[PDB]
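Below are two forms of the same protein chain, given as structure tokens: structure 1, then structure 2.
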Structure 1
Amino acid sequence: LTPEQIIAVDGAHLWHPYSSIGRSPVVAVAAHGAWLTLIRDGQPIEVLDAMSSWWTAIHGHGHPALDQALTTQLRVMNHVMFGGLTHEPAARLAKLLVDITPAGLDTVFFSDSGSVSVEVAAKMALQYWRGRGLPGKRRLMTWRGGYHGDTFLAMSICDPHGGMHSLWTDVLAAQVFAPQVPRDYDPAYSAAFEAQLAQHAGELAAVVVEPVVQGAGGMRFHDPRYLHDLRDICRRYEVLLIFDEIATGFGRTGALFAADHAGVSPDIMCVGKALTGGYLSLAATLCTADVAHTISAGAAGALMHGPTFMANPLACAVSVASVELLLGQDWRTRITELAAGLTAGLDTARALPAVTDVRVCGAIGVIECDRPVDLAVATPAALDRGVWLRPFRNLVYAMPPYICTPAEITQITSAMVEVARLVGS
């Protein structure tokens, strides 16, 4: 199909994320390394994938080690049902994940998406307490500003304004919300968290939060010491702690997992997005031996979940290679250099009239503006500078692939500054 044919089919038949039908998307024809080939005015152009294709492409696109791992597995076994059978890609990836995740996370449940992995995490927590004779422990607690997925349980712990909990009035589970976690450490926030949690301890299965960085809820950072507090509160009140690392995982925040900034091990952990280096959909939910054994000795004798494509060989194979590629290099220095690039490149944005904040955490760079960013202005402006940038609400932000050179980062940040300049005029 020609680009124009793609556009016509797309307008008539394709739903996009969080969009309408009939209300225009740009045709993508190739991706290699940190670059996308986009069709603009009928002409192909090379642009930097500053978004990492939504947090996903940590090693860039078409990485030879990830391409090879995919075709190698494809020669041997595309997929087998995980009911009654096991295989090497599942075992290799499970061993990897157990070894590099915070200590005590010994078991691995594979699924096909972040939202599903979160539903699995919530299921683990509910079955765990049912295994302990305490079925009253069934609500969830989080702080505001969060995002945990699009499925209906997941939605219930998303920020009530963010995921607009009306028009979902009498539809979502009614969960417990503490106020927005602030950027700077404040003992009084944690004390209030504890006091509110104390009021619901007997009905709470778990606290679920994104550690250090809150992503789709507004690219906010908080002090990792709150995570230390969350761990202590959850211990003392016997509530499980769940870390949603679907966005933060695999080095993105400057640590291998964001939990590491605090030295904290959650009881349950979700990963996804960068898991496969952005080739294929995959997610994982990990829990402690204790959680696993308590579920398994319960009335059900099992975790009552099992996606059809569970532990798909092809997805697991590329993920193994993506993880090994990350571990086998000096990823910490890579991420540190990237953060300094973002920091230096975004400095001048602080002086712009419409800019309220500039913040960087690992390979995450954020220009917070004073009004919603108009995509009809922002997207073509960044395309003009040879960069794929998609703003969100009042945020001009980037999360570049790790393979981006210093020059490419500076090109990304320039385009971000120029986009921010345009919002102000």
Structure 2
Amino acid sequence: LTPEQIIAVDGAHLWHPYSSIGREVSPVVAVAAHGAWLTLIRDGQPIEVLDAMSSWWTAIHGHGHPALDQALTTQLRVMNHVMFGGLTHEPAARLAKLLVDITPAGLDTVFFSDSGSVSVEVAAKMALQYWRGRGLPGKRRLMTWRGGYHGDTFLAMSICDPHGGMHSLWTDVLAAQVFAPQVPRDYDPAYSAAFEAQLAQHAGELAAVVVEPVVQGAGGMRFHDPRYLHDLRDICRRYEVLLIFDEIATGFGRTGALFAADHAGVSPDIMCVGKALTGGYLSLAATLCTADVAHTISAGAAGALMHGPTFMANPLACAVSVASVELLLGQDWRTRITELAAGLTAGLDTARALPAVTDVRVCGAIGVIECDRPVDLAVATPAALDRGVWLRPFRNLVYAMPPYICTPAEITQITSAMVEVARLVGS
């Protein structure tokens, strides 16, 4: 199909995410991706632009990395997929061993699934089944703080920010969960004391606290002091409420630590990972839990964990994930991310002086220009493309989560485009 043909079929038959159909955006045709770069069709002509978004925060080693391509083709040659019901295999074993070794201590059990939203559903199921296994089925609600996002399936939606979150129109049909106020950027003991007070009054009906550690992504690219996670861990411990960290966006080095929990030295009872898990090649996610959680879940009268995605532990997805994680661990990723952060900080600093900019902030390989108004994609997208960068703002944010392989020059091209988008926003 020609780009023309692709656009026609697309307009007629494809529903895009977070969109209407008809009077929708109008997507740009992508025809190739290599390293940090996408080949897009603009006015009938192919242009090369930097994938500043890492393809929604997944392509940490860039596209078509030789190690990941090879890992995929090697597995393809021997075994594409077998059912995980009754069978196991090397890629599943290798990936699970890697995951339990690099995640916060105590997470020794791995349940694979096909997507981040599903892994969150699995996390909640683990938490609820845990308490059923202890003969306390009243412990069935979740608690979180505002500003959060945990995916788009219906249980996941129930812990999305109920007022400004993308799922706010659904609140009347969602499970009603417990929400603490927005966690602040700077550490304030009074906030943690209030969180504890609120949790204490609901402790008998709470299965778990569920939060994104350090960085809240889709809810506003907000950062908070890691010490709050230390307080959550302690509160949950004392009141016997499970602690769940959703690291689907923060995992695999993105915030400057291997996992954002590591900024706090905290181990949750349950953890979700996804997105950058496969290096952005294929859909895969995982839910990890402690031995105590795993063993209790089938205690009393609860029985087996009745979850089993058809493509659970897919050998192809697991094999590229093994390669992606090994590639990350086999380099000095900590210095790499530090250099990326310094580059983002340096390149975004001029945005602070722009009239429509309210904040500039960087955490690891995350760079954010917060604006005083919602960012118009119709203006932003071509402005970024004109400067050789693929950017997709959302809410009032011009942000990047670039591939780890970006050179300092490429980072400066990305930040330059961001600043120019923000400049255009304010005029």
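Please note that residue numbering is based on structure 1, beginning with 1 at the start of its sequence. We call the rigid core the largest set of C-alpha positions that still match within 1.5 Å between the two forms.
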C-alpha displacement of 2 Å or more between the two structures on the rigid core, among 166, 86, 78, 71: 166
Post core alignment: residue 195 C-alpha displaced by 2 Å or more between the two structures: no
Note yes or no: does the Cα of residue 297 move by 2 Å or more between the two structures after the core is superposed? yes
So with the rigid core superposed, the C-alpha of residue 254 shifts by how many Å between the two structures? 0.2
By how many angstrom is the CA atom of residue 393 displaced between the two structures after fitting on the core? 1.1
